[PDB]
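Have a look at input-v4.cif; it's mmCIF, N, CA and C atoms:
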data_target
loop_
_atom_site.label_atom_id
_atom_site.label_comp_id
_atom_site.auth_asym_id
_atom_site.auth_seq_id
_atom_site.Cartn_x
_atom_site.Cartn_y
_atom_site.Cartn_z
N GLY F 80 -3.85 -12.47 39.01
CA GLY F 80 -4.16 -13.93 38.91
C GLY F 80 -4.54 -14.34 37.50
N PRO F 81 -5.22 -15.49 37.33
CA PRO F 81 -5.64 -15.99 36.02
C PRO F 81 -6.50 -14.99 35.24
N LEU F 82 -7.20 -14.13 35.96
CA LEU F 82 -8.06 -13.13 35.33
C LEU F 82 -7.42 -11.75 35.36
N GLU F 86 -14.29 -7.77 41.90
CA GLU F 86 -13.20 -7.13 41.17
C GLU F 86 -13.59 -6.88 39.72
N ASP F 87 -12.90 -5.93 39.09
CA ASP F 87 -13.16 -5.54 37.71
C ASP F 87 -12.90 -6.65 36.70
N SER F 88 -11.82 -7.40 36.89
CA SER F 88 -11.52 -8.47 35.96
C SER F 88 -12.54 -9.59 36.06
N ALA F 89 -13.05 -9.82 37.27
CA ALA F 89 -14.05 -10.86 37.50
C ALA F 89 -15.36 -10.47 36.84
N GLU F 90 -15.82 -9.25 37.09
CA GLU F 90 -17.06 -8.78 36.52
C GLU F 90 -16.97 -8.74 34.99
N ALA F 91 -15.79 -8.41 34.47
CA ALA F 91 -15.57 -8.36 33.02
C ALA F 91 -15.85 -9.70 32.35
N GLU F 92 -15.36 -10.78 32.96
CA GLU F 92 -15.58 -12.12 32.41
C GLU F 92 -17.07 -12.47 32.43
N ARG F 93 -17.76 -12.07 33.50
CA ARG F 93 -19.18 -12.36 33.61
C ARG F 93 -19.95 -11.65 32.49
N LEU F 94 -19.56 -10.42 32.19
CA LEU F 94 -20.20 -9.65 31.13
C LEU F 94 -19.89 -10.31 29.78
N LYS F 95 -18.64 -10.74 29.61
CA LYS F 95 -18.24 -11.41 28.37
C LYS F 95 -19.06 -12.68 28.20
N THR F 96 -19.21 -13.42 29.29
CA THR F 96 -19.98 -14.66 29.25
C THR F 96 -21.41 -14.37 28.77
N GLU F 97 -22.00 -13.31 29.31
CA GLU F 97 -23.35 -12.93 28.94
C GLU F 97 -23.35 -12.58 27.46
N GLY F 98 -22.29 -11.90 27.04
CA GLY F 98 -22.16 -11.53 25.64
C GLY F 98 -22.21 -12.78 24.78
N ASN F 99 -21.46 -13.81 25.18
CA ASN F 99 -21.46 -15.06 24.44
C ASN F 99 -22.87 -15.65 24.38
N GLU F 100 -23.60 -15.59 25.49
CA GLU F 100 -24.96 -16.12 25.56
C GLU F 100 -25.87 -15.39 24.57
N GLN F 101 -25.65 -14.09 24.42
CA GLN F 101 -26.45 -13.28 23.50
C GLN F 101 -26.15 -13.69 22.06
N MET F 102 -24.89 -14.00 21.78
CA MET F 102 -24.49 -14.42 20.44
C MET F 102 -25.26 -15.68 20.06
N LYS F 103 -25.34 -16.61 21.00
CA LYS F 103 -26.03 -17.88 20.77
C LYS F 103 -27.48 -17.73 20.33
N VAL F 104 -28.17 -16.70 20.83
CA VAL F 104 -29.55 -16.48 20.45
C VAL F 104 -29.64 -15.40 19.39
N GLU F 105 -28.50 -15.12 18.76
CA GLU F 105 -28.42 -14.13 17.70
C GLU F 105 -28.83 -12.71 18.04
N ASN F 106 -28.69 -12.32 19.30
CA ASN F 106 -29.00 -10.95 19.66
C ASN F 106 -27.64 -10.27 19.67
N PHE F 107 -27.19 -9.89 18.48
CA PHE F 107 -25.89 -9.27 18.29
C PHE F 107 -25.74 -7.87 18.85
N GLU F 108 -26.85 -7.13 18.95
CA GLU F 108 -26.80 -5.79 19.50
C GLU F 108 -26.49 -5.92 21.00
N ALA F 109 -27.17 -6.85 21.66
CA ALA F 109 -26.94 -7.08 23.08
C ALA F 109 -25.51 -7.58 23.30
N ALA F 110 -25.07 -8.50 22.45
CA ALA F 110 -23.71 -9.05 22.54
C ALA F 110 -22.67 -7.93 22.47
N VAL F 111 -22.86 -7.02 21.52
CA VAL F 111 -21.95 -5.90 21.35
C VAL F 111 -21.92 -5.07 22.63
N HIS F 112 -23.09 -4.90 23.25
CA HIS F 112 -23.16 -4.13 24.49
C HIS F 112 -22.37 -4.78 25.63
N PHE F 113 -22.58 -6.08 25.85
CA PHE F 113 -21.87 -6.75 26.93
C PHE F 113 -20.36 -6.83 26.73
N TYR F 114 -19.91 -7.09 25.51
CA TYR F 114 -18.48 -7.14 25.27
C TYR F 114 -17.92 -5.74 25.51
N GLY F 115 -18.69 -4.73 25.14
CA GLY F 115 -18.26 -3.36 25.35
C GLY F 115 -18.06 -3.08 26.83
N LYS F 116 -18.97 -3.59 27.66
CA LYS F 116 -18.89 -3.42 29.10
C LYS F 116 -17.67 -4.15 29.65
N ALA F 117 -17.41 -5.34 29.12
CA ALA F 117 -16.26 -6.13 29.56
C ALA F 117 -14.97 -5.38 29.26
N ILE F 118 -14.94 -4.73 28.10
CA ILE F 118 -13.79 -3.96 27.65
C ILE F 118 -13.55 -2.73 28.54
N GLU F 119 -14.63 -2.12 29.02
CA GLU F 119 -14.50 -0.95 29.88
C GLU F 119 -13.81 -1.33 31.19
N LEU F 120 -14.10 -2.53 31.68
CA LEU F 120 -13.53 -3.02 32.93
C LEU F 120 -12.12 -3.58 32.77
N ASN F 121 -11.89 -4.36 31.71
CA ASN F 121 -10.58 -4.96 31.46
C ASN F 121 -10.29 -5.00 29.95
N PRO F 122 -9.74 -3.91 29.40
CA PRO F 122 -9.43 -3.83 27.97
C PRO F 122 -8.16 -4.58 27.56
N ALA F 123 -7.56 -5.31 28.48
CA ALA F 123 -6.33 -6.05 28.18
C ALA F 123 -6.60 -7.49 27.80
N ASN F 124 -7.84 -7.81 27.49
CA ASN F 124 -8.17 -9.17 27.08
C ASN F 124 -8.57 -9.14 25.61
N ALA F 125 -7.72 -9.72 24.77
CA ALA F 125 -7.94 -9.76 23.33
C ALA F 125 -9.26 -10.41 22.93
N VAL F 126 -9.70 -11.39 23.71
CA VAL F 126 -10.94 -12.11 23.45
C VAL F 126 -12.16 -11.19 23.33
N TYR F 127 -12.25 -10.19 24.20
CA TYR F 127 -13.40 -9.28 24.18
C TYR F 127 -13.53 -8.55 22.85
N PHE F 128 -12.39 -8.13 22.31
CA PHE F 128 -12.35 -7.42 21.05
C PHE F 128 -12.69 -8.36 19.90
N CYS F 129 -12.06 -9.53 19.90
CA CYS F 129 -12.30 -10.51 18.85
C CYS F 129 -13.76 -10.94 18.84
N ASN F 130 -14.34 -11.10 20.03
CA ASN F 130 -15.74 -11.51 20.13
C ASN F 130 -16.68 -10.40 19.69
N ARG F 131 -16.37 -9.15 20.05
CA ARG F 131 -17.23 -8.05 19.63
C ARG F 131 -17.13 -7.87 18.12
N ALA F 132 -15.94 -8.09 17.56
CA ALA F 132 -15.77 -7.97 16.12
C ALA F 132 -16.74 -8.95 15.44
N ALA F 133 -16.87 -10.16 15.99
CA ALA F 133 -17.78 -11.16 15.43
C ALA F 133 -19.22 -10.63 15.45
N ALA F 134 -19.61 -9.99 16.54
CA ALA F 134 -20.96 -9.45 16.65
C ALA F 134 -21.12 -8.30 15.66
N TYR F 135 -20.12 -7.44 15.59
CA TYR F 135 -20.14 -6.31 14.66
C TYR F 135 -20.34 -6.81 13.22
N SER F 136 -19.59 -7.84 12.83
CA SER F 136 -19.71 -8.39 11.48
C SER F 136 -21.11 -8.91 11.20
N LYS F 137 -21.71 -9.60 12.17
CA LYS F 137 -23.06 -10.13 12.03
C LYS F 137 -24.03 -8.99 11.80
N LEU F 138 -23.70 -7.82 12.34
CA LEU F 138 -24.54 -6.64 12.21
C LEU F 138 -24.23 -5.79 10.99
N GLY F 139 -23.24 -6.19 10.21
CA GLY F 139 -22.89 -5.42 9.02
C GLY F 139 -21.90 -4.31 9.28
N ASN F 140 -21.47 -4.16 10.53
CA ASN F 140 -20.50 -3.12 10.87
C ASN F 140 -19.09 -3.71 10.74
N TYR F 141 -18.68 -3.95 9.49
CA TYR F 141 -17.37 -4.52 9.19
C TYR F 141 -16.22 -3.61 9.60
N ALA F 142 -16.38 -2.30 9.39
CA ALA F 142 -15.35 -1.34 9.77
C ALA F 142 -15.07 -1.49 11.26
N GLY F 143 -16.13 -1.59 12.05
CA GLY F 143 -15.98 -1.75 13.48
C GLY F 143 -15.28 -3.04 13.83
N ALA F 144 -15.58 -4.09 13.07
CA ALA F 144 -14.97 -5.40 13.29
C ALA F 144 -13.47 -5.32 13.01
N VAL F 145 -13.10 -4.64 11.94
CA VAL F 145 -11.70 -4.50 11.57
C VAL F 145 -10.90 -3.86 12.70
N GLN F 146 -11.44 -2.78 13.26
CA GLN F 146 -10.78 -2.07 14.35
C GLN F 146 -10.61 -2.94 15.60
N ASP F 147 -11.61 -3.76 15.93
CA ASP F 147 -11.50 -4.63 17.11
C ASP F 147 -10.48 -5.74 16.87
N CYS F 148 -10.43 -6.25 15.65
CA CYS F 148 -9.48 -7.31 15.32
C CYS F 148 -8.05 -6.76 15.37
N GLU F 149 -7.86 -5.51 14.96
CA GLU F 149 -6.53 -4.92 14.99
C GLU F 149 -6.06 -4.86 16.44
N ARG F 150 -6.94 -4.40 17.31
CA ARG F 150 -6.62 -4.29 18.73
C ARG F 150 -6.32 -5.68 19.30
N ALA F 151 -7.17 -6.67 18.99
CA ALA F 151 -6.99 -8.04 19.49
C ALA F 151 -5.66 -8.62 19.04
N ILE F 152 -5.32 -8.42 17.77
CA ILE F 152 -4.07 -8.92 17.23
C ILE F 152 -2.87 -8.25 17.91
N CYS F 153 -2.99 -6.95 18.19
CA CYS F 153 -1.90 -6.24 18.85
C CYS F 153 -1.73 -6.69 20.29
N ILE F 154 -2.84 -7.04 20.93
CA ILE F 154 -2.78 -7.51 22.30
C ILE F 154 -2.20 -8.93 22.31
N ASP F 155 -2.68 -9.76 21.38
CA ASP F 155 -2.22 -11.14 21.24
C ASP F 155 -1.96 -11.48 19.77
N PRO F 156 -0.71 -11.32 19.31
CA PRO F 156 -0.25 -11.59 17.93
C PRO F 156 -0.42 -13.04 17.47
N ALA F 157 -0.58 -13.96 18.41
CA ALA F 157 -0.75 -15.37 18.09
C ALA F 157 -2.22 -15.79 18.21
N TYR F 158 -3.11 -14.81 18.22
CA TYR F 158 -4.55 -15.05 18.31
C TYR F 158 -5.06 -15.30 16.89
N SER F 159 -5.02 -16.56 16.47
CA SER F 159 -5.43 -16.93 15.12
C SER F 159 -6.86 -16.54 14.75
N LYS F 160 -7.78 -16.65 15.71
CA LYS F 160 -9.17 -16.33 15.45
C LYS F 160 -9.36 -14.86 15.08
N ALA F 161 -8.53 -13.98 15.63
CA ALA F 161 -8.61 -12.55 15.33
C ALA F 161 -8.20 -12.27 13.89
N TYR F 162 -7.22 -13.02 13.40
CA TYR F 162 -6.74 -12.87 12.02
C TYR F 162 -7.83 -13.39 11.09
N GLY F 163 -8.47 -14.49 11.50
CA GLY F 163 -9.53 -15.08 10.69
C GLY F 163 -10.70 -14.14 10.55
N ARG F 164 -11.14 -13.56 11.66
CA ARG F 164 -12.26 -12.63 11.63
C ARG F 164 -11.88 -11.37 10.87
N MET F 165 -10.60 -10.99 10.95
CA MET F 165 -10.13 -9.81 10.24
C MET F 165 -10.30 -10.07 8.74
N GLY F 166 -9.95 -11.28 8.30
CA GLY F 166 -10.09 -11.63 6.90
C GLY F 166 -11.53 -11.56 6.44
N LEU F 167 -12.43 -12.06 7.27
CA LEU F 167 -13.85 -12.05 6.94
C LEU F 167 -14.38 -10.63 6.84
N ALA F 168 -13.96 -9.75 7.75
CA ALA F 168 -14.44 -8.37 7.72
C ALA F 168 -13.88 -7.65 6.50
N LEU F 169 -12.58 -7.78 6.26
CA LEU F 169 -11.94 -7.13 5.12
C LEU F 169 -12.60 -7.59 3.83
N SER F 170 -12.81 -8.90 3.73
CA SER F 170 -13.44 -9.48 2.56
C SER F 170 -14.81 -8.85 2.32
N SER F 171 -15.56 -8.64 3.40
CA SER F 171 -16.89 -8.04 3.31
C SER F 171 -16.82 -6.58 2.90
N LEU F 172 -15.63 -5.99 3.04
CA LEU F 172 -15.41 -4.60 2.66
C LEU F 172 -14.79 -4.58 1.26
N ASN F 173 -14.79 -5.75 0.63
CA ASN F 173 -14.25 -5.93 -0.72
C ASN F 173 -12.74 -5.70 -0.77
N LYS F 174 -12.10 -5.76 0.39
CA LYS F 174 -10.65 -5.60 0.47
C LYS F 174 -10.07 -7.01 0.46
N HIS F 175 -10.19 -7.66 -0.69
CA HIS F 175 -9.76 -9.04 -0.86
C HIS F 175 -8.27 -9.32 -0.81
N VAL F 176 -7.45 -8.41 -1.31
CA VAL F 176 -6.01 -8.63 -1.27
C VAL F 176 -5.58 -8.70 0.19
N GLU F 177 -5.98 -7.70 0.97
CA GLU F 177 -5.62 -7.67 2.38
C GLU F 177 -6.25 -8.83 3.14
N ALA F 178 -7.45 -9.23 2.73
CA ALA F 178 -8.14 -10.34 3.38
C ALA F 178 -7.34 -11.62 3.22
N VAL F 179 -6.89 -11.88 1.99
CA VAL F 179 -6.10 -13.08 1.72
C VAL F 179 -4.89 -13.13 2.66
N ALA F 180 -4.22 -12.00 2.81
CA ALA F 180 -3.05 -11.93 3.68
C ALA F 180 -3.39 -12.38 5.09
N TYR F 181 -4.51 -11.90 5.62
CA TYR F 181 -4.92 -12.28 6.97
C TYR F 181 -5.34 -13.74 7.09
N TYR F 182 -6.07 -14.25 6.10
CA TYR F 182 -6.49 -15.65 6.13
C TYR F 182 -5.26 -16.55 6.16
N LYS F 183 -4.25 -16.19 5.38
CA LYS F 183 -3.03 -16.98 5.33
C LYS F 183 -2.34 -17.00 6.69
N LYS F 184 -2.23 -15.84 7.32
CA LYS F 184 -1.60 -15.75 8.64
C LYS F 184 -2.39 -16.63 9.59
N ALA F 185 -3.71 -16.49 9.55
CA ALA F 185 -4.59 -17.27 10.41
C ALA F 185 -4.39 -18.76 10.21
N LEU F 186 -4.23 -19.17 8.96
CA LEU F 186 -4.02 -20.57 8.63
C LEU F 186 -2.64 -21.06 9.06
N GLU F 187 -1.64 -20.19 9.01
CA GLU F 187 -0.32 -20.62 9.41
C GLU F 187 -0.27 -20.79 10.93
N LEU F 188 -1.25 -20.22 11.62
CA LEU F 188 -1.35 -20.32 13.07
C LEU F 188 -2.29 -21.47 13.45
N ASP F 189 -3.40 -21.58 12.72
CA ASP F 189 -4.40 -22.63 12.95
C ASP F 189 -4.66 -23.37 11.62
N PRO F 190 -3.67 -24.14 11.15
CA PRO F 190 -3.65 -24.94 9.92
C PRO F 190 -4.88 -25.78 9.58
N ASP F 191 -5.47 -26.41 10.59
CA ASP F 191 -6.64 -27.27 10.37
C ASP F 191 -7.90 -26.55 9.89
N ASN F 192 -8.19 -25.40 10.51
CA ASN F 192 -9.38 -24.61 10.21
C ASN F 192 -9.87 -24.58 8.76
N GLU F 193 -10.99 -25.26 8.52
CA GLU F 193 -11.60 -25.33 7.20
C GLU F 193 -12.38 -24.06 6.90
N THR F 194 -12.75 -23.33 7.95
CA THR F 194 -13.48 -22.08 7.77
C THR F 194 -12.58 -21.07 7.05
N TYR F 195 -11.32 -21.03 7.45
CA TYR F 195 -10.34 -20.12 6.86
C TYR F 195 -10.02 -20.53 5.43
N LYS F 196 -9.83 -21.83 5.22
CA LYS F 196 -9.53 -22.34 3.89
C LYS F 196 -10.63 -21.96 2.90
N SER F 197 -11.88 -22.13 3.32
CA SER F 197 -13.01 -21.80 2.46
C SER F 197 -13.06 -20.31 2.15
N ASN F 198 -13.14 -19.48 3.18
CA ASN F 198 -13.21 -18.05 2.96
C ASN F 198 -11.98 -17.49 2.26
N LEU F 199 -10.86 -18.18 2.37
CA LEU F 199 -9.66 -17.74 1.67
C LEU F 199 -9.91 -17.96 0.18
N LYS F 200 -10.51 -19.10 -0.16
CA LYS F 200 -10.79 -19.38 -1.56
C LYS F 200 -11.75 -18.33 -2.10
N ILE F 201 -12.78 -18.01 -1.32
CA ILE F 201 -13.74 -17.01 -1.76
C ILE F 201 -13.04 -15.68 -2.02
N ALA F 202 -12.14 -15.29 -1.12
CA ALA F 202 -11.41 -14.03 -1.29
C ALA F 202 -10.53 -14.08 -2.54
N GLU F 203 -9.87 -15.20 -2.76
CA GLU F 203 -9.00 -15.32 -3.93
C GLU F 203 -9.82 -15.31 -5.21
N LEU F 204 -11.02 -15.88 -5.16
CA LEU F 204 -11.87 -15.91 -6.33
C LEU F 204 -12.40 -14.51 -6.64
N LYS F 205 -12.88 -13.80 -5.62
CA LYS F 205 -13.39 -12.45 -5.84
C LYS F 205 -12.27 -11.50 -6.25
N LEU F 206 -11.05 -11.85 -5.87
CA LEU F 206 -9.89 -11.03 -6.19
C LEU F 206 -9.54 -11.05 -7.68
N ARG F 207 -9.79 -12.18 -8.33
CA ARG F 207 -9.49 -12.29 -9.76
C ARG F 207 -10.43 -11.43 -10.59
N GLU F 208 -11.50 -10.94 -9.97
CA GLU F 208 -12.47 -10.10 -10.67
C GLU F 208 -12.02 -8.64 -10.80
N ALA F 209 -11.14 -8.21 -9.90
CA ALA F 209 -10.65 -6.83 -9.90
C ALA F 209 -9.68 -6.51 -11.03
N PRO F 210 -9.55 -5.22 -11.38
CA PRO F 210 -8.66 -4.76 -12.45
C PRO F 210 -7.25 -4.45 -11.94
#
In structure tokens, write the structure found in this file.
Amino acid sequence: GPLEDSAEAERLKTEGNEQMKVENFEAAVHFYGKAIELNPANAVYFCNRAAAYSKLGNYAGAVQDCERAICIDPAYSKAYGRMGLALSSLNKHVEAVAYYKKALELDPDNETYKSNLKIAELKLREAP
């Protein structure tokens, strides 16, 4: 159906979102992880956990979740955007720019991507 394991997974994801709102990123990571154990075929869980991972400084972990999310759903613009943010935080600005651009070609309006893309391009001119 539109989504039992799939039902419980959404409830855990929802809780995860609630944790994000109060900035309890460790708890958020836990709930998204539980949702993934039940239904790993939902790109949202990975993309959302990547966001929590990034807030916690675990950019490498965020990169891996975004890769999975993008592979599950190639038209998931938010996953490309978060990938850019994580890569950028890992000082991988060339690769970050590539992802921000993809994200923007999918979600053109997004000012968040436009801004962080500029930051990545600016930090990129500093490299040798």
**Study point:** Selection under test: the PyMOL selection byres ((chain F and resi 116-132) around 7); residues as a PyMOL selection string
**Key:** chain F and resi 87-88+90-92+94-95+110-115+133-137+143-145+147-148+150-152+154-155+160-161+164
Check your understanding: Which residue, F:201, F:82, F:138, F:209, has the smallest gap to residue F:170 when you use all atoms listed in the file?
Key -> F:201
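Going from atom CA of residue F:208 to atom CA of residue F:180 covers 17.3 Å.
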Give me the residues within 7 Å of residue F:182 as an mmCIF file with N, CA and C atoms, keeping the file's coordinate frame, counting only N, CA and C atoms and dropping any in the same chain fewer than 2 places off.
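As written to disk, around_12.cif reads:
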data_model
loop_
_atom_site.group_PDB
_atom_site.id
_atom_site.type_symbol
_atom_site.label_atom_id
_atom_site.label_comp_id
_atom_site.auth_asym_id
_atom_site.auth_seq_id
_atom_site.Cartn_x
_atom_site.Cartn_y
_atom_site.Cartn_z
ATOM 1 N N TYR F 162 -7.220 -13.020 13.400
ATOM 2 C CA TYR F 162 -6.740 -12.870 12.020
ATOM 3 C C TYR F 162 -7.830 -13.390 11.090
ATOM 4 N N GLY F 163 -8.470 -14.490 11.500
ATOM 5 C CA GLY F 163 -9.530 -15.080 10.690
ATOM 6 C C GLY F 163 -10.700 -14.140 10.550
ATOM 7 N N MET F 165 -10.600 -10.990 10.950
ATOM 8 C CA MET F 165 -10.130 -9.810 10.240
ATOM 9 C C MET F 165 -10.300 -10.070 8.740
ATOM 10 N N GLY F 166 -9.950 -11.280 8.300
ATOM 11 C CA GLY F 166 -10.090 -11.630 6.900
ATOM 12 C C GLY F 166 -11.530 -11.560 6.440
ATOM 13 N N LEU F 167 -12.430 -12.060 7.270
ATOM 14 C CA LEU F 167 -13.850 -12.050 6.940
ATOM 15 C C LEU F 167 -14.380 -10.630 6.840
ATOM 16 N N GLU F 177 -5.980 -7.700 0.970
ATOM 17 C CA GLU F 177 -5.620 -7.670 2.380
ATOM 18 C C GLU F 177 -6.250 -8.830 3.140
ATOM 19 N N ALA F 178 -7.450 -9.230 2.730
ATOM 20 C CA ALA F 178 -8.140 -10.340 3.380
ATOM 21 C C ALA F 178 -7.340 -11.620 3.220
ATOM 22 N N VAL F 179 -6.890 -11.880 1.990
ATOM 23 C CA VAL F 179 -6.100 -13.080 1.720
ATOM 24 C C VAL F 179 -4.890 -13.130 2.660
ATOM 25 N N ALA F 180 -4.220 -12.000 2.810
ATOM 26 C CA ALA F 180 -3.050 -11.930 3.680
ATOM 27 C C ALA F 180 -3.390 -12.380 5.090
ATOM 28 N N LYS F 184 -2.230 -15.840 7.320
ATOM 29 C CA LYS F 184 -1.600 -15.750 8.640
ATOM 30 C C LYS F 184 -2.390 -16.630 9.590
ATOM 31 N N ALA F 185 -3.710 -16.490 9.550
ATOM 32 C CA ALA F 185 -4.590 -17.270 10.410
ATOM 33 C C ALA F 185 -4.390 -18.760 10.210
ATOM 34 N N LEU F 186 -4.230 -19.170 8.960
ATOM 35 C CA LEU F 186 -4.020 -20.570 8.630
ATOM 36 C C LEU F 186 -2.640 -21.060 9.060
ATOM 37 N N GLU F 187 -1.640 -20.190 9.010
ATOM 38 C CA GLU F 187 -0.320 -20.620 9.410
ATOM 39 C C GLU F 187 -0.270 -20.790 10.930
ATOM 40 N N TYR F 195 -11.320 -21.030 7.450
ATOM 41 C CA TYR F 195 -10.340 -20.120 6.860
ATOM 42 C C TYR F 195 -10.020 -20.530 5.430
ATOM 43 N N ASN F 198 -13.140 -19.480 3.180
ATOM 44 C CA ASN F 198 -13.210 -18.050 2.960
ATOM 45 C C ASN F 198 -11.980 -17.490 2.260
ATOM 46 N N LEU F 199 -10.860 -18.180 2.370
ATOM 47 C CA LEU F 199 -9.660 -17.740 1.670
ATOM 48 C C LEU F 199 -9.910 -17.960 0.180
#
Exercise for review: Counting all atoms listed in the file, figure out which residue out of F:89, F:176, F:188, F:109 gets nearest to residue F:202.
Suggested key: F:176
N, CA, C and O atoms for stretch 156-171 of chain F, written as a PDB file, in the coordinates of the input, could you do that?
ATOM      1  N   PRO F 156      -0.710 -11.320  19.310  1.00  0.00           N
ATOM      2  CA  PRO F 156      -0.250 -11.590  17.930  1.00  0.00           C
ATOM      3  C   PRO F 156      -0.420 -13.040  17.470  1.00  0.00           C
ATOM      4  O   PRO F 156      -0.384 -13.322  16.267  1.00  0.00           O
ATOM      5  N   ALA F 157      -0.580 -13.960  18.410  1.00  0.00           N
ATOM      6  CA  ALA F 157      -0.750 -15.370  18.090  1.00  0.00           C
ATOM      7  C   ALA F 157      -2.220 -15.790  18.210  1.00  0.00           C
ATOM      8  O   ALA F 157      -2.526 -16.983  18.286  1.00  0.00           O
ATOM      9  N   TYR F 158      -3.110 -14.810  18.220  1.00  0.00           N
ATOM     10  CA  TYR F 158      -4.550 -15.050  18.310  1.00  0.00           C
ATOM     11  C   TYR F 158      -5.060 -15.300  16.890  1.00  0.00           C
ATOM     12  O   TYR F 158      -5.459 -14.368  16.187  1.00  0.00           O
ATOM     13  N   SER F 159      -5.020 -16.560  16.470  1.00  0.00           N
ATOM     14  CA  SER F 159      -5.430 -16.930  15.120  1.00  0.00           C
ATOM     15  C   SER F 159      -6.860 -16.540  14.750  1.00  0.00           C
ATOM     16  O   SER F 159      -7.133 -16.136  13.622  1.00  0.00           O
ATOM     17  N   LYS F 160      -7.780 -16.650  15.710  1.00  0.00           N
ATOM     18  CA  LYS F 160      -9.170 -16.330  15.450  1.00  0.00           C
ATOM     19  C   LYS F 160      -9.360 -14.860  15.080  1.00  0.00           C
ATOM     20  O   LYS F 160     -10.246 -14.522  14.289  1.00  0.00           O
ATOM     21  N   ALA F 161      -8.530 -13.980  15.630  1.00  0.00           N
ATOM     22  CA  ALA F 161      -8.610 -12.550  15.330  1.00  0.00           C
ATOM     23  C   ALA F 161      -8.200 -12.270  13.890  1.00  0.00           C
ATOM     24  O   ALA F 161      -8.753 -11.379  13.241  1.00  0.00           O
ATOM     25  N   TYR F 162      -7.220 -13.020  13.400  1.00  0.00           N
ATOM     26  CA  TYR F 162      -6.740 -12.870  12.020  1.00  0.00           C
ATOM     27  C   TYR F 162      -7.830 -13.390  11.090  1.00  0.00           C
ATOM     28  O   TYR F 162      -8.084 -12.815  10.031  1.00  0.00           O
ATOM     29  N   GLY F 163      -8.470 -14.490  11.500  1.00  0.00           N
ATOM     30  CA  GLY F 163      -9.530 -15.080  10.690  1.00  0.00           C
ATOM     31  C   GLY F 163     -10.700 -14.140  10.550  1.00  0.00           C
ATOM     32  O   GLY F 163     -11.211 -13.932   9.445  1.00  0.00           O
ATOM     33  N   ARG F 164     -11.140 -13.560  11.660  1.00  0.00           N
ATOM     34  CA  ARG F 164     -12.260 -12.630  11.630  1.00  0.00           C
ATOM     35  C   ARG F 164     -11.880 -11.370  10.870  1.00  0.00           C
ATOM     36  O   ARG F 164     -12.718 -10.762  10.216  1.00  0.00           O
ATOM     37  N   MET F 165     -10.600 -10.990  10.950  1.00  0.00           N
ATOM     38  CA  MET F 165     -10.130  -9.810  10.240  1.00  0.00           C
ATOM     39  C   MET F 165     -10.300 -10.070   8.740  1.00  0.00           C
ATOM     40  O   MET F 165     -10.764  -9.205   7.996  1.00  0.00           O
ATOM     41  N   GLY F 166      -9.950 -11.280   8.300  1.00  0.00           N
ATOM     42  CA  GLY F 166     -10.090 -11.630   6.900  1.00  0.00           C
ATOM     43  C   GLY F 166     -11.530 -11.560   6.440  1.00  0.00           C
ATOM     44  O   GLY F 166     -11.837 -11.057   5.353  1.00  0.00           O
ATOM     45  N   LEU F 167     -12.430 -12.060   7.270  1.00  0.00           N
ATOM     46  CA  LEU F 167     -13.850 -12.050   6.940  1.00  0.00           C
ATOM     47  C   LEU F 167     -14.380 -10.630   6.840  1.00  0.00           C
ATOM     48  O   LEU F 167     -15.174 -10.335   5.946  1.00  0.00           O
ATOM     49  N   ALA F 168     -13.960  -9.750   7.750  1.00  0.00           N
ATOM     50  CA  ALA F 168     -14.440  -8.370   7.720  1.00  0.00           C
ATOM     51  C   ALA F 168     -13.880  -7.650   6.500  1.00  0.00           C
ATOM     52  O   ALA F 168     -14.636  -7.000   5.768  1.00  0.00           O
ATOM     53  N   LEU F 169     -12.580  -7.780   6.260  1.00  0.00           N
ATOM     54  CA  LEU F 169     -11.940  -7.130   5.120  1.00  0.00           C
ATOM     55  C   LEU F 169     -12.600  -7.590   3.830  1.00  0.00           C
ATOM     56  O   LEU F 169     -12.901  -6.795   2.937  1.00  0.00           O
ATOM     57  N   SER F 170     -12.810  -8.900   3.730  1.00  0.00           N
ATOM     58  CA  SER F 170     -13.440  -9.480   2.560  1.00  0.00           C
ATOM     59  C   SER F 170     -14.810  -8.850   2.320  1.00  0.00           C
ATOM     60  O   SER F 170     -15.181  -8.550   1.177  1.00  0.00           O
ATOM     61  N   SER F 171     -15.560  -8.640   3.400  1.00  0.00           N
ATOM     62  CA  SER F 171     -16.890  -8.040   3.310  1.00  0.00           C
ATOM     63  C   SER F 171     -16.820  -6.580   2.900  1.00  0.00           C
ATOM     64  O   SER F 171     -17.821  -5.991   2.483  1.00  0.00           O
TER      65      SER F 171
END
